[PDB]
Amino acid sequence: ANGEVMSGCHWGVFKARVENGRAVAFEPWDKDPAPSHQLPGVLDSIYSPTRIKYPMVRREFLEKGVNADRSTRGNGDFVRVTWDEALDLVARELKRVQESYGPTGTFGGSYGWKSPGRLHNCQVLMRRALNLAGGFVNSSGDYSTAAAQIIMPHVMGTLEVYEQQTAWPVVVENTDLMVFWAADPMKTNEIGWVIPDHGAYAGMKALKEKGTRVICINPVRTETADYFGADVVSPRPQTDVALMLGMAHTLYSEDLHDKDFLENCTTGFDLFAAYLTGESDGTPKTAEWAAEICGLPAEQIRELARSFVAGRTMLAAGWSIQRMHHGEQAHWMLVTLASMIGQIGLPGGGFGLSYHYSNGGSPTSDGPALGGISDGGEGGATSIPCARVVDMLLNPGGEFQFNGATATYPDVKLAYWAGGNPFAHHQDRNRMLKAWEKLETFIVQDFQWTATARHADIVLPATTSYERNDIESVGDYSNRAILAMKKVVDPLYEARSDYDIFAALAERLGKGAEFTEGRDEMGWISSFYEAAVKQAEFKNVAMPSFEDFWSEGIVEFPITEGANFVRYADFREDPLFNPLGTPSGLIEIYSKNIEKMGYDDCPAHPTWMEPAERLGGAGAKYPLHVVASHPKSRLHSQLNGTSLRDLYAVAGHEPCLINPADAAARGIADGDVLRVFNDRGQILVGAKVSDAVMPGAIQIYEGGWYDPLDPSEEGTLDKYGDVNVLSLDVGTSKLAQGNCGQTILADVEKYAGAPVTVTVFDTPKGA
């Protein structure tokens, strides 16, 4: 066809131009306040050299199945097969594992960002089919807030991280000092889990125009600091809890803390104060004590603390600091500091844990909620914390602790992954490669030839959202509209929707009608729309017929009371009438429930503990902290294998931001090929020399595609730059068992070996 088609994605709403059946541009939505620069890469991902054309089976698995040499996964030897051959093999394997081992034999957690959409949700569709086969082992939590989402319920009485924030207009009108703590909102609000509304950009523009003072506490001077002209304060990475303690000690010793707020809204302050002063352990937590750990001058620490109580202050914290050893302590100590400041529940005061994620603070509309397809049970134990996947494979039947409970790891034999990239997202790549040999069968379903697809036994080519129809909400927190995600182009090559793949597997198991319910694509979509219309009718919100909605492509909802929302205002007004969901009904600075667990690595009040490895730590073996943060010009690993890579690759490798003093000490110049290494692994990167990163730290973003020099050699050099070749794979503590992906020390040198060639962005042989 020829014309324009409106649809959406994790980067926003867009208008595609189609010529002779091929999409030629993904243009920004006219109503978007800040369109994404990544749209050209989203378009290219439909057509790039790494688009998966056909079903494939690795040669060793096609010939020997369960008896294959497991060490050769990832060596490139794939055989093209027909869809019938691939689907029959997958169905035979699903049935074999269920009959031999029961539900504990299959792992169906399949963590990953996939694509938005209420119908074409690849993970829910996979679980719908696996439940019809007999069941599976799931995963709990995520890689984003694994620690904060477990400690917050014990402290504030709610998960806190994925909840609406005090509205942006209220912050602009009332806040005197905005503190971005381990957060880069100008970078991270580009993405949404549903289709993003980019509402944070409207709020940040209003904040900039008013001239309000901004401070960001971060090892890197970011686009957020440049936009606002912010003061940048850079503690050594992993020392924020010590900095917060020094600030708290200053407030207490100078009688600047809010005694009334502490008495009326919290429990355990007296016990915490005994720790703060050193009465309980012999070590006063002074600004000088804190300065020695974090590297900032003691007077700067005292001045920051005094400035937080001088006017109305908002502590807007990000999540990198909890994606680390003892991560639970970061936001627990932040809430304790906010309680001493005493402004929780006031307009523009307190703290917020989602101003940097999916446009939190964009005012909530009066529209209805939109539902989608279910798993028939998205957005040994029968479930594991997600980042314990390798520990599980290495210790079948072994015990593990999690948030007060004791359980044993299930004995998993088959793993099915759809819409995720664990060979980019999981920690300690070399350890993971050896552990994966414990799986009998590994099936991967995607549209791009990621490191995960390259390591599979069986590869099934899915379609993108642009090759089918769907329905989804716009604005993770605002719910400003419902959008028709219309088909842009017909399915490419031999690709099939995840729905069509799972329906064909359900048919082979004799459960076809149970999977489909006799509905077709538009039948499912209209059912979801009609349920939203009924909910809206009960709340006096007008909506068009399904036919008129589909023709127009969108329905917008108005904002009224959502513009005035203040988080914790009811609790502050009357804590006895509106108690929190904690044992006391108050903020738990001291937790008796956590005391009873007896976990050495997660005490009963916020506490400073040395991490496994850190910059400035006694016995540290490597010199530089690696800031393994989220990428500017990708969504994780998404879009690495597209023309968008040209915006940032350095000599064909992932970029490494390095301070001029650390570079000059090693004879490194901008543009040089470098080797980054530690005792766990080694990778290549390209140098980007800049004083934006503090001395003692280097920045290498997560998501790079792993490209082994010699796949048959243990510890081989990664030719491209997957930062998770350098990371450690351990739990945050026994409380949350979260990942520690930003706890990394390494050295760097000018590469001195023979020239190598990156091949991970090329079409695999035979594909």
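One-based numbering along the sequence shown.
Engineer: None, 1 to 3, 4 to 9, or 10 or more: how many residues of the deposited sequence lack coordinates between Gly512 and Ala513?
Structural biologist: Missing in between: none.
Engineer: None, 1 to 3, 4 to 9, or 10 or more: how many residues of the deposited sequence lack coordinates between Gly379 and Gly380?
Structural biologist: Per the record, 4 to 9 deposited residues are absent between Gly379 and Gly380.
Engineer: Check the entry's C-alpha temperature factors for 191-199 and 225-233, then say which stretch has the higher mean.
Structural biologist: Looking at the record's C-alpha B-factors, the answer is 225-233.
Engineer: Tell me which stretch, 444-452 or 669-677, has the higher mean Cα B-factor listed in the entry.
Structural biologist: It is 669-677 that shows the higher mean C-alpha B-factor.
Engineer: For the CA B factor values reported in this entry, which option in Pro219, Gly141, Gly361, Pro103 has the top one?
Structural biologist: Most elevated C-alpha B-factor of the set, per the entry: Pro103.
Engineer: At the C-alpha atoms, which of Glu328, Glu521, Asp601, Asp500 reaches the highest B-factor in this entry?
Structural biologist: The C-alpha B-factor peaks, among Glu328, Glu521, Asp601, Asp500, at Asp601.
Engineer: Splitting the chain's C-alpha B-factors into thirds, which one does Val566 fall into?
Structural biologist: Middle third of the chain for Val566's C-alpha B-factor.
Engineer: In terms of the chain's CA B-factor thirds, is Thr212 lowest, middle or highest?
Structural biologist: CA B-factor rank for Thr212: highest third.
Engineer: Within this chain, which third does the Cα B-factor at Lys750 fall in: lowest, middle or highest?
Structural biologist: Highest third of the chain for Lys750's C-alpha B-factor.
Engineer: For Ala767, does the deposited CA B-factor place it in the lowest, middle or highest third of the chain?
Structural biologist: Tercile = highest for this residue's CA B-factor.
Engineer: Would you check the entry's CA temperature factor for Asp490 and let me know if it's in the chain's lowest, middle or highest third?
Structural biologist: Its C-alpha B-factor, which the entry lists for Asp490, ranks in the middle third among residues of this chain.
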